[PDB]
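Participant: For reference, this is coords-v4.pdb, and it has PDB, C-alpha atoms.
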```pdb
ATOM      1  CA  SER A   1       0.000   0.000   0.000
ATOM      2  CA  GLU A   2       1.199   3.505  -0.903
ATOM      3  CA  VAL A   3       0.438   5.133   2.461
ATOM      4  CA  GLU A   4       1.939   2.114   4.217
ATOM      5  CA  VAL A   5       5.253   2.211   2.312
ATOM      6  CA  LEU A   6       5.496   6.012   2.543
ATOM      7  CA  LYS A   7       4.948   5.812   6.295
ATOM      8  CA  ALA A   8       7.633   3.140   6.676
ATOM      9  CA  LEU A   9      10.113   5.229   4.664
ATOM     10  CA  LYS A  10       9.542   8.437   6.617
ATOM     11  CA  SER A  11       9.794   6.307   9.742
ATOM     12  CA  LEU A  12      13.175   4.932   8.591
ATOM     13  CA  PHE A  13      14.567   8.319   7.618
ATOM     14  CA  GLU A  14      13.567   9.806  10.980
ATOM     15  CA  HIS A  15      14.963   6.810  12.875
ATOM     16  CA  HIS A  16      18.201   7.255  10.912
ATOM     17  CA  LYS A  17      18.244  11.013  11.508
ATOM     18  CA  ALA A  18      17.843  10.575  15.277
ATOM     19  CA  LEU A  19      20.504   7.862  15.580
ATOM     20  CA  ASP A  20      22.874   9.948  13.458
ATOM     21  CA  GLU A  21      22.426  12.987  15.691
ATOM     22  CA  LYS A  22      23.009  10.734  18.700
ATOM     23  CA  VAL A  23      26.381   9.605  17.308
ATOM     24  CA  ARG A  24      27.412  13.094  16.269
ATOM     25  CA  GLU A  25      26.372  14.191  19.767
ATOM     26  CA  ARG A  26      28.726  11.620  21.304
ATOM     27  CA  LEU A  27      31.449  12.518  18.806
ATOM     28  CA  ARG A  28      31.059  16.166  19.701
ATOM     29  CA  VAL A  29      31.314  15.511  23.431
ATOM     30  CA  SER A  30      34.412  13.352  22.813
ATOM     31  CA  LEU A  31      36.323  15.887  20.728
ATOM     32  CA  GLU A  32      35.614  18.558  23.360
ATOM     33  CA  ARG A  33      37.021  16.148  25.927
ATOM     34  CA  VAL A  34      40.296  15.685  24.037
ATOM     35  CA  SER A  35      40.909  19.424  23.899
ATOM     36  CA  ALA A  36      40.018  19.875  27.576
ATOM     37  CA  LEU A  37      42.384  17.024  28.572
ATOM     38  CA  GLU A  38      45.227  18.261  26.379
ATOM     39  CA  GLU A  39      45.001  21.590  28.205
ATOM     40  CA  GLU A  40      44.854  20.027  31.655
ATOM     41  CA  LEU A  41      47.771  17.700  30.871
ATOM     42  CA  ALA A  42      49.798  20.658  29.601
ATOM     43  CA  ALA A  43      49.241  22.492  32.861
ATOM     44  CA  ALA A  44      50.005  19.374  34.902
ATOM     45  CA  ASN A  45      53.318  18.802  33.122
ATOM     46  CA  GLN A  46      54.263  22.454  33.726
ATOM     47  CA  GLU A  47      53.448  21.983  37.426
ATOM     48  CA  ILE A  48      55.615  18.831  37.649
ATOM     49  CA  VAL A  49      58.597  20.819  36.342
ATOM     50  CA  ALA A  50      58.042  23.673  38.851
ATOM     51  CA  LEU A  51      57.635  21.333  41.776
ATOM     52  CA  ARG A  52      60.685  19.292  40.860
ATOM     53  CA  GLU A  53      62.902  22.357  40.508
ATOM     54  CA  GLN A  54      61.490  23.787  43.724
ATOM     55  CA  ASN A  55      62.442  20.641  45.636
ATOM     56  CA  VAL A  56      66.039  20.765  44.312
ATOM     57  CA  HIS A  57      66.221  24.354  45.621
ATOM     58  CA  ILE A  58      64.502  23.924  48.992
TER
ATOM     59  CA  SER B   1      10.278   6.940 -13.423
ATOM     60  CA  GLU B   2       9.836   3.947 -11.134
ATOM     61  CA  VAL B   3      13.469   3.003 -11.780
ATOM     62  CA  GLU B   4      14.906   6.435 -11.026
ATOM     63  CA  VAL B   5      13.004   6.693  -7.732
ATOM     64  CA  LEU B   6      14.096   3.180  -6.685
ATOM     65  CA  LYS B   7      17.698   3.981  -7.668
ATOM     66  CA  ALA B   8      17.751   7.208  -5.692
ATOM     67  CA  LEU B   9      16.220   5.511  -2.651
ATOM     68  CA  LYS B  10      18.759   2.691  -2.684
ATOM     69  CA  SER B  11      21.588   5.205  -3.150
ATOM     70  CA  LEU B  12      20.347   7.185  -0.161
ATOM     71  CA  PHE B  13      20.290   4.120   2.069
ATOM     72  CA  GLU B  14      23.782   3.074   0.921
ATOM     73  CA  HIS B  15      25.198   6.525   1.506
ATOM     74  CA  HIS B  16      23.691   6.782   5.000
ATOM     75  CA  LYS B  17      25.005   3.372   6.050
ATOM     76  CA  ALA B  18      28.481   4.176   4.828
ATOM     77  CA  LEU B  19      28.518   7.642   6.391
ATOM     78  CA  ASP B  20      27.327   6.268   9.719
ATOM     79  CA  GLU B  21      30.143   3.727   9.719
ATOM     80  CA  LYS B  22      32.628   6.495   8.915
ATOM     81  CA  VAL B  23      31.406   8.718  11.722
ATOM     82  CA  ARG B  24      31.407   5.837  14.196
ATOM     83  CA  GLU B  25      35.032   5.022  13.435
ATOM     84  CA  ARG B  26      35.999   8.683  13.921
ATOM     85  CA  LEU B  27      34.211   8.393  17.267
ATOM     86  CA  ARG B  28      36.021   5.159  18.174
ATOM     87  CA  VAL B  29      39.372   6.785  17.506
ATOM     88  CA  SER B  30      38.439   9.862  19.541
ATOM     89  CA  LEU B  31      37.225   7.857  22.552
ATOM     90  CA  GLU B  32      40.518   5.931  22.580
ATOM     91  CA  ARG B  33      42.389   9.232  22.575
ATOM     92  CA  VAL B  34      40.300  10.422  25.545
ATOM     93  CA  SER B  35      41.157   7.176  27.353
ATOM     94  CA  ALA B  36      44.880   7.614  26.676
ATOM     95  CA  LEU B  37      44.817  11.263  27.786
ATOM     96  CA  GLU B  38      42.909  10.372  30.953
ATOM     97  CA  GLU B  39      45.572   7.796  31.818
ATOM     98  CA  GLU B  40      48.361  10.293  31.150
ATOM     99  CA  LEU B  41      46.679  12.951  33.295
ATOM    100  CA  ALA B  42      46.134  10.477  36.133
ATOM    101  CA  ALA B  43      49.855   9.638  35.995
ATOM    102  CA  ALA B  44      50.753  13.347  36.000
ATOM    103  CA  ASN B  45      48.504  14.075  38.974
ATOM    104  CA  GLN B  46      49.985  11.134  40.877
ATOM    105  CA  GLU B  47      53.463  12.548  40.239
ATOM    106  CA  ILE B  48      52.371  15.977  41.372
ATOM    107  CA  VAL B  49      51.107  14.865  44.767
ATOM    108  CA  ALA B  50      54.229  12.719  45.175
ATOM    109  CA  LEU B  51      56.350  15.799  44.599
ATOM    110  CA  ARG B  52      54.210  17.753  47.095
ATOM    111  CA  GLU B  53      54.767  14.972  49.628
ATOM    112  CA  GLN B  54      58.530  15.209  49.226
ATOM    113  CA  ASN B  55      58.328  18.975  49.762
ATOM    114  CA  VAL B  56      56.345  18.611  52.993
ATOM    115  CA  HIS B  57      59.134  16.500  54.450
ATOM    116  CA  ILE B  58      61.990  18.689  53.207
ATOM    117  CA  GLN B  59      60.275  21.775  54.649
TER
ATOM    118  CA  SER C   1      17.694  14.556  -0.395
ATOM    119  CA  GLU C   2      15.491  12.219   1.630
ATOM    120  CA  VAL C   3      12.789  14.879   1.442
ATOM    121  CA  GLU C   4      13.054  15.264  -2.330
ATOM    122  CA  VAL C   5      12.910  11.527  -2.990
ATOM    123  CA  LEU C   6       9.778  11.129  -0.840
ATOM    124  CA  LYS C   7       8.177  14.007  -2.787
ATOM    125  CA  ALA C   8       9.212  12.320  -6.025
ATOM    126  CA  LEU C   9       7.607   9.085  -4.873
ATOM    127  CA  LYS C  10       4.393  10.806  -3.822
ATOM    128  CA  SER C  11       4.271  12.566  -7.206
ATOM    129  CA  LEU C  12       4.760   9.314  -9.132
ATOM    130  CA  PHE C  13       1.905   7.759  -7.137
ATOM    131  CA  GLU C  14      -0.363  10.707  -7.903
ATOM    132  CA  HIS C  15       0.625  10.615 -11.582
ATOM    133  CA  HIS C  16      -0.156   6.891 -11.786
ATOM    134  CA  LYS C  17      -3.515   7.628 -10.169
ATOM    135  CA  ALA C  18      -4.412  10.340 -12.683
ATOM    136  CA  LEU C  19      -3.361   8.284 -15.693
ATOM    137  CA  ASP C  20      -5.254   5.201 -14.449
ATOM    138  CA  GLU C  21      -8.379   7.321 -14.130
ATOM    139  CA  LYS C  22      -8.043   8.643 -17.693
ATOM    140  CA  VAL C  23      -7.674   5.181 -19.201
ATOM    141  CA  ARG C  24     -10.453   3.800 -17.008
ATOM    142  CA  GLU C  25     -12.764   6.537 -18.325
ATOM    143  CA  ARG C  26     -11.896   5.689 -21.931
ATOM    144  CA  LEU C  27     -12.722   2.055 -21.176
ATOM    145  CA  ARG C  28     -16.089   2.937 -19.606
ATOM    146  CA  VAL C  29     -17.069   4.984 -22.664
ATOM    147  CA  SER C  30     -16.028   2.167 -25.012
ATOM    148  CA  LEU C  31     -17.836  -0.573 -23.063
ATOM    149  CA  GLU C  32     -21.015   1.520 -23.050
ATOM    150  CA  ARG C  33     -20.634   2.033 -26.782
ATOM    151  CA  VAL C  34     -20.293  -1.760 -27.253
ATOM    152  CA  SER C  35     -23.421  -2.240 -25.160
ATOM    153  CA  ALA C  36     -25.455   0.289 -27.150
ATOM    154  CA  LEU C  37     -24.314  -1.369 -30.356
ATOM    155  CA  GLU C  38     -25.111  -4.896 -29.148
ATOM    156  CA  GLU C  39     -28.597  -3.662 -28.241
ATOM    157  CA  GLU C  40     -29.198  -2.141 -31.700
ATOM    158  CA  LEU C  41     -27.843  -5.235 -33.414
ATOM    159  CA  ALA C  42     -30.075  -7.551 -31.374
ATOM    160  CA  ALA C  43     -33.085  -5.458 -32.311
ATOM    161  CA  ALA C  44     -32.064  -5.505 -35.962
ATOM    162  CA  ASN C  45     -31.781  -9.285 -35.887
ATOM    163  CA  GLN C  46     -35.270  -9.513 -34.356
ATOM    164  CA  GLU C  47     -36.604  -7.418 -37.246
ATOM    165  CA  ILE C  48     -34.865  -9.735 -39.712
ATOM    166  CA  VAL C  49     -36.557 -12.772 -38.138
ATOM    167  CA  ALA C  50     -39.946 -11.033 -38.174
ATOM    168  CA  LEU C  51     -39.577 -10.164 -41.866
ATOM    169  CA  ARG C  52     -38.497 -13.654 -42.811
ATOM    170  CA  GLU C  53     -41.451 -15.048 -40.822
ATOM    171  CA  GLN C  54     -43.813 -12.630 -42.627
ATOM    172  CA  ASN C  55     -42.444 -13.691 -46.020
ATOM    173  CA  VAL C  56     -42.885 -17.375 -45.117
ATOM    174  CA  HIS C  57     -46.508 -16.539 -44.200
ATOM    175  CA  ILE C  58     -47.158 -14.774 -47.520
ATOM    176  CA  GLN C  59     -45.681 -17.647 -49.504
ATOM    177  CA  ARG C  60     -47.889 -20.104 -47.621
ATOM    178  CA  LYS C  61     -50.912 -17.979 -48.561
ATOM    179  CA  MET C  62     -49.765 -18.070 -52.179
ATOM    180  CA  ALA C  63     -49.250 -21.841 -52.098
TER
ATOM    181  CA  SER D   1      10.990  -1.921   8.979
ATOM    182  CA  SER D   2      14.214  -2.732   7.136
ATOM    183  CA  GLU D   3      15.374  -0.872   4.040
ATOM    184  CA  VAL D   4      15.454  -4.063   1.993
ATOM    185  CA  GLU D   5      11.880  -4.941   2.970
ATOM    186  CA  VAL D   6      10.558  -1.457   2.217
ATOM    187  CA  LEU D   7      12.288  -1.401  -1.173
ATOM    188  CA  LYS D   8      10.907  -4.866  -1.981
ATOM    189  CA  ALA D   9       7.427  -3.665  -1.046
ATOM    190  CA  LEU D  10       7.846  -0.612  -3.261
ATOM    191  CA  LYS D  11       9.139  -2.657  -6.201
ATOM    192  CA  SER D  12       6.158  -4.973  -5.691
ATOM    193  CA  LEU D  13       3.771  -2.017  -5.610
ATOM    194  CA  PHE D  14       5.121  -0.786  -8.951
ATOM    195  CA  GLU D  15       4.996  -4.111 -10.760
ATOM    196  CA  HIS D  16       1.432  -4.720  -9.602
ATOM    197  CA  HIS D  17       0.330  -1.261 -10.755
ATOM    198  CA  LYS D  18       1.549  -1.961 -14.281
ATOM    199  CA  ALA D  19       0.051  -5.466 -14.290
ATOM    200  CA  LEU D  20      -3.394  -3.956 -13.793
ATOM    201  CA  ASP D  21      -2.633  -1.013 -16.092
ATOM    202  CA  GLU D  22      -1.698  -2.903 -19.241
ATOM    203  CA  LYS D  23      -4.659  -5.209 -18.588
ATOM    204  CA  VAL D  24      -6.951  -2.172 -18.554
ATOM    205  CA  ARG D  25      -5.229  -0.873 -21.671
ATOM    206  CA  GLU D  26      -5.755  -4.258 -23.296
ATOM    207  CA  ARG D  27      -9.421  -4.405 -22.340
ATOM    208  CA  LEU D  28      -9.692  -1.013 -24.032
ATOM    209  CA  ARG D  29      -7.983  -2.331 -27.161
ATOM    210  CA  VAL D  30     -10.353  -5.279 -27.559
ATOM    211  CA  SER D  31     -13.327  -3.034 -26.811
ATOM    212  CA  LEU D  32     -12.390  -0.469 -29.474
ATOM    213  CA  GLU D  33     -11.962  -3.247 -32.036
ATOM    214  CA  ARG D  34     -15.288  -4.714 -30.892
ATOM    215  CA  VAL D  35     -17.024  -1.386 -31.539
ATOM    216  CA  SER D  36     -15.684  -1.460 -35.104
ATOM    217  CA  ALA D  37     -16.784  -5.071 -35.597
ATOM    218  CA  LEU D  38     -20.281  -4.310 -34.331
ATOM    219  CA  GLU D  39     -20.574  -1.307 -36.619
ATOM    220  CA  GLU D  40     -19.906  -3.639 -39.551
ATOM    221  CA  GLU D  41     -22.370  -6.270 -38.305
ATOM    222  CA  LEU D  42     -25.093  -3.661 -37.733
ATOM    223  CA  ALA D  43     -24.512  -2.236 -41.220
ATOM    224  CA  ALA D  44     -24.918  -5.734 -42.652
ATOM    225  CA  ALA D  45     -28.094  -6.337 -40.647
ATOM    226  CA  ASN D  46     -29.680  -3.090 -41.825
ATOM    227  CA  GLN D  47     -28.920  -4.022 -45.434
ATOM    228  CA  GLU D  48     -30.612  -7.361 -44.886
ATOM    229  CA  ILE D  49     -33.663  -5.604 -43.442
ATOM    230  CA  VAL D  50     -33.873  -3.487 -46.592
ATOM    231  CA  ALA D  51     -33.655  -6.520 -48.902
ATOM    232  CA  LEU D  52     -36.315  -8.383 -46.925
ATOM    233  CA  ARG D  53     -38.680  -5.400 -46.732
ATOM    234  CA  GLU D  54     -38.410  -4.905 -50.481
ATOM    235  CA  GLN D  55     -39.062  -8.596 -51.100
ATOM    236  CA  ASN D  56     -41.979  -8.462 -48.628
ATOM    237  CA  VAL D  57     -43.827  -5.619 -50.391
ATOM    238  CA  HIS D  58     -43.220  -7.409 -53.694
ATOM    239  CA  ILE D  59     -44.592 -10.914 -53.003
ATOM    240  CA  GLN D  60     -47.584  -9.264 -51.338
ATOM    241  CA  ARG D  61     -48.428  -7.723 -54.709
ATOM    242  CA  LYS D  62     -47.492 -10.986 -56.416
TER
END
```
Rewrite the structure of this file - the entire thing - as structure tokens.
Facilitator:
Amino acid sequence: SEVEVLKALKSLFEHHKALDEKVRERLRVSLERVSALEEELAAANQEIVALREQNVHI
Amino acid sequence: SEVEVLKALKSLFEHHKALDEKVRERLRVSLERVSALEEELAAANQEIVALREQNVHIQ
Amino acid sequence: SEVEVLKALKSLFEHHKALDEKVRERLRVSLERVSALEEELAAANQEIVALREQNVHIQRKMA
Amino acid sequence: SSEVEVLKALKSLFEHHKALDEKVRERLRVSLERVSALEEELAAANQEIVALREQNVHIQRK
């Protein structure tokens, strides 16, 4: 039936669209996490140097 | 025609499947990178408090 | 692109519908025409029988 | 539903539409030819009516 097939197709496309957004939502959150962690790790490694050199002085 | 509509519909489905797989792999790679960075940061923070502990004693 | 293909499909369906209706109408007109003609032909054949029966009657009278 | 199943349904929908279409178009073909055939038969019957009517009036006077 026409209406039946058309319904099933629009159903599929919407199901696909929602899953796709879900994955791009996870991907987005992940790539933000990499940048945040790179920045934190940079600061941590700078702190390790300062603390090490402080101990050799003190 | 009937053929052109069927062709376009099949092409659409194929493209979506392939694109989804491509995005998911990008995601898999990124999640692994997050995991690696988390481990590195945990190691760095462990070293930091260890260094702070040494300082406490020297002081 | 999903939206355009669904519109294309709906349009094909509506086109098929319109064309089916046109041909169906042609068929209805032609079947009615056949029916009118079969009616006229049946009546003509009845007149032929009546005339042949009348001419048999006349020839009996004569013989 | 799955993509394969929906496409199979669609392909089925199309093939069935044409099955009924070309059968309607064929009914129309036979019917148009039937109209022509009946026009010839009716013309022949009217001619026979004329011949018989003429013969009828004649033998009546004979």
Participant: Sorted by chain and rising residue number, which residues of chain C lie within 10 Å of chain D, and what are their closest atom pairs and distances in Å to one decimal, counting all atoms listed in the file, as a Markdown table?
Facilitator:
```
| residue | atom | partner | partner_atom | distance |
| --- | --- | --- | --- | --- |
| C:9 | CA | D:10 | CA | 9.8 |
| C:13 | CA | D:14 | CA | 9.3 |
| C:16 | CA | D:17 | CA | 8.2 |
| C:17 | CA | D:17 | CA | 9.7 |
| C:19 | CA | D:21 | CA | 9.3 |
| C:20 | CA | D:21 | CA | 6.9 |
| C:23 | CA | D:25 | CA | 7.0 |
| C:24 | CA | D:24 | CA | 7.1 |
| C:25 | CA | D:28 | CA | 10.0 |
| C:26 | CA | D:28 | CA | 7.4 |
| C:27 | CA | D:28 | CA | 5.2 |
| C:28 | CA | D:28 | CA | 8.7 |
| C:29 | CA | D:28 | CA | 9.6 |
| C:30 | CA | D:31 | CA | 6.1 |
| C:31 | CA | D:31 | CA | 6.4 |
| C:32 | CA | D:31 | CA | 9.7 |
| C:33 | CA | D:35 | CA | 6.9 |
| C:34 | CA | D:35 | CA | 5.4 |
| C:35 | CA | D:35 | CA | 9.1 |
| C:36 | CA | D:35 | CA | 9.7 |
| C:37 | CA | D:38 | CA | 6.4 |
| C:38 | CA | D:38 | CA | 7.1 |
| C:40 | CA | D:42 | CA | 7.5 |
| C:41 | CA | D:42 | CA | 5.4 |
| C:42 | CA | D:42 | CA | 9.0 |
| C:43 | CA | D:45 | CA | 9.8 |
| C:44 | CA | D:45 | CA | 6.2 |
| C:45 | CA | D:45 | CA | 6.7 |
| C:47 | CA | D:49 | CA | 7.1 |
| C:48 | CA | D:49 | CA | 5.7 |
| C:49 | CA | D:49 | CA | 9.4 |
| C:50 | CA | D:49 | CA | 9.8 |
| C:51 | CA | D:52 | CA | 6.3 |
| C:52 | CA | D:52 | CA | 7.0 |
| C:54 | CA | D:56 | CA | 7.5 |
| C:55 | CA | D:56 | CA | 5.9 |
| C:56 | CA | D:56 | CA | 9.6 |
| C:58 | CA | D:60 | CA | 6.7 |
| C:59 | CA | D:59 | CA | 7.7 |
| C:61 | CA | D:60 | CA | 9.7 |
| C:62 | CA | D:62 | CA | 8.6 |
```
Participant: Report as JSON lines: every residue of chain A with an atom at most 10 Å from chain D, its closest pair of atoms, and their distance in Å to one decimal, counting only C-alpha atoms, with rows sorted by chain and ascending residue number.
Facilitator:
```
{"residue": "A:1", "atom": "CA", "partner": "D:13", "partner_atom": "CA", "distance": 7.1}
{"residue": "A:2", "atom": "CA", "partner": "D:13", "partner_atom": "CA", "distance": 7.7}
{"residue": "A:4", "atom": "CA", "partner": "D:6", "partner_atom": "CA", "distance": 9.5}
{"residue": "A:5", "atom": "CA", "partner": "D:6", "partner_atom": "CA", "distance": 6.5}
{"residue": "A:6", "atom": "CA", "partner": "D:6", "partner_atom": "CA", "distance": 9.0}
{"residue": "A:8", "atom": "CA", "partner": "D:1", "partner_atom": "CA", "distance": 6.5}
{"residue": "A:9", "atom": "CA", "partner": "D:6", "partner_atom": "CA", "distance": 7.1}
{"residue": "A:11", "atom": "CA", "partner": "D:1", "partner_atom": "CA", "distance": 8.3}
{"residue": "A:12", "atom": "CA", "partner": "D:1", "partner_atom": "CA", "distance": 7.2}
{"residue": "A:13", "atom": "CA", "partner": "D:3", "partner_atom": "CA", "distance": 9.9}
```
Participant: Now that the selection is made, can you save its residues with C-alpha atoms as a short mmCIF file (atom, residue, chain, number, x, y, z; two decimals), in the frame of the given file?
Facilitator:
```cif
data_model
loop_
_atom_site.label_atom_id
_atom_site.label_comp_id
_atom_site.auth_asym_id
_atom_site.auth_seq_id
_atom_site.Cartn_x
_atom_site.Cartn_y
_atom_site.Cartn_z
CA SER A 1 0.00 0.00 0.00
CA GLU A 2 1.20 3.50 -0.90
CA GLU A 4 1.94 2.11 4.22
CA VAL A 5 5.25 2.21 2.31
CA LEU A 6 5.50 6.01 2.54
CA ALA A 8 7.63 3.14 6.68
CA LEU A 9 10.11 5.23 4.66
CA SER A 11 9.79 6.31 9.74
CA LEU A 12 13.18 4.93 8.59
CA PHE A 13 14.57 8.32 7.62
#
```
Participant: Return as a list in words the set of residues that the ChimeraX specification (/B :<6) & /A yields on the displayed structure.
Facilitator: residues 27, 34, 41 and 48 of chain A
Participant: Taking the file as shown, find all residues satisfying the ChimeraX specification (/C :<12) & /B and write them as a ChimeraX atom specification.
Facilitator: /B:1-13,15-16
Participant: Restricting the calculation to all atoms listed in the file: of C:60, C:15, C:22, C:10, which residue gets closest to chain A?
Facilitator: C:10
Participant: How far is it from CA of residue 35 in chain A to CA of residue 46 in chain B, in Å with one decimal?
Facilitator: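 CA of residue 46 in chain B lies 21.0 Å from CA of residue 35 in chain A.
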Participant: How many Å lie between CA of residue 39 in chain B and CA of residue 40 in chain A, rounded to one decimal?
Facilitator: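 If I compute the distance from CA of residue 39 in chain B to CA of residue 40 in chain A, I get 12.3 Å.
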